[PDB]
Amino acid sequence: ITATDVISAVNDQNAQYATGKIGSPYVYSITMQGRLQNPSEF
Amino acid sequence: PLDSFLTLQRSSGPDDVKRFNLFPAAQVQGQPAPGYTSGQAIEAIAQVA
């Protein structure tokens, strides 16, 4: 594994966010979290 | 398909969030009762807290 390999994963496997919502008597807003959030997950 | 790898998990959260003077804080509003004054309302609220 070259250095650029690690760069590419750590860059790509730490995305941002993406959020939409469902719309019928209710509405819910659904999120999707790509950001890592603790050293163990890196 | 997205549900091959994405699982849908229910949760309940705040819509907004307010900080006031560097602290997390809830915003509280109200009026004096009819016949009472802005100072009576302020005194009442401050007693209540």
# chains A, B, ... in the order shown; residues from 1 in each chain; ligands from 1
>>> interface_residues(of="chain A", to="chain B", cutoff="12 Å", atoms="only C-alpha atoms", output="PyMOL selection string")
chain A and resi 28-34
>>> select_by_dssp(residues="chain B", states="strand (DSSP E)", output="PyMOL selection string")
chain B and resi 18-20+23-25
>>> write_last_selection(atoms="N, CA and C atoms", output="PDB file, in the first residue's frame")
ATOM      1  N   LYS B  18     -30.212  27.158  20.040  1.00  0.00           N
ATOM      2  CA  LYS B  18     -29.825  28.533  20.304  1.00  0.00           C
ATOM      3  C   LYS B  18     -28.766  28.595  21.393  1.00  0.00           C
ATOM      4  N   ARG B  19     -27.753  29.424  21.159  1.00  0.00           N
ATOM      5  CA  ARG B  19     -26.812  29.836  22.185  1.00  0.00           C
ATOM      6  C   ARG B  19     -26.987  31.325  22.443  1.00  0.00           C
ATOM      7  N   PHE B  20     -26.975  31.702  23.717  1.00  0.00           N
ATOM      8  CA  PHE B  20     -27.133  33.091  24.126  1.00  0.00           C
ATOM      9  C   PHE B  20     -26.031  33.412  25.120  1.00  0.00           C
ATOM     10  N   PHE B  23     -23.628  30.356  25.825  1.00  0.00           N
ATOM     11  CA  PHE B  23     -24.156  29.167  26.482  1.00  0.00           C
ATOM     12  C   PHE B  23     -25.320  28.584  25.695  1.00  0.00           C
ATOM     13  N   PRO B  24     -25.451  27.256  25.656  1.00  0.00           N
ATOM     14  CA  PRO B  24     -26.679  26.656  25.120  1.00  0.00           C
ATOM     15  C   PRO B  24     -27.878  27.091  25.948  1.00  0.00           C
ATOM     16  N   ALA B  25     -28.965  27.444  25.266  1.00  0.00           N
ATOM     17  CA  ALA B  25     -30.031  28.148  25.960  1.00  0.00           C
ATOM     18  C   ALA B  25     -31.347  27.982  25.222  1.00  0.00           C
TER      19      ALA B  25
END
